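Structure first, then comments.
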Amino acid sequence: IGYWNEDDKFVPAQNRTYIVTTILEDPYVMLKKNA
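Residues 361 to 373, 387 to 408 in the entry's author numbering are what the sequence shown spells out, letter by letter.
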C-alpha cells in the first residue's frame, strides 16, 4: 500500500442492469395472462 518514514506520515505508493423492487397490488403490478 505504501511506506512509512520518520519525516513523512504513511505516504502512500456494459452498464449494469438496475434491480427494481415492486409488489403485487392490482393494478399497479399484476401477472400477465399465461404467466
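From the three backbone atoms N, C-alpha and C, an ideal C-beta is built for every residue, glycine too.
Residue(s) in a DSSP beta bridge with residue i
i: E398; result: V402
i: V371; result: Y363
The ligand ZN heavy atom lying under 6 Å from the CB of residue i
i: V393; result: No copy of the ligand ZN occurs in the structure displayed, which carries no ligand at all.
Residue i (DSSP reduced to helix, strand or coil)
i: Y363; result: strand
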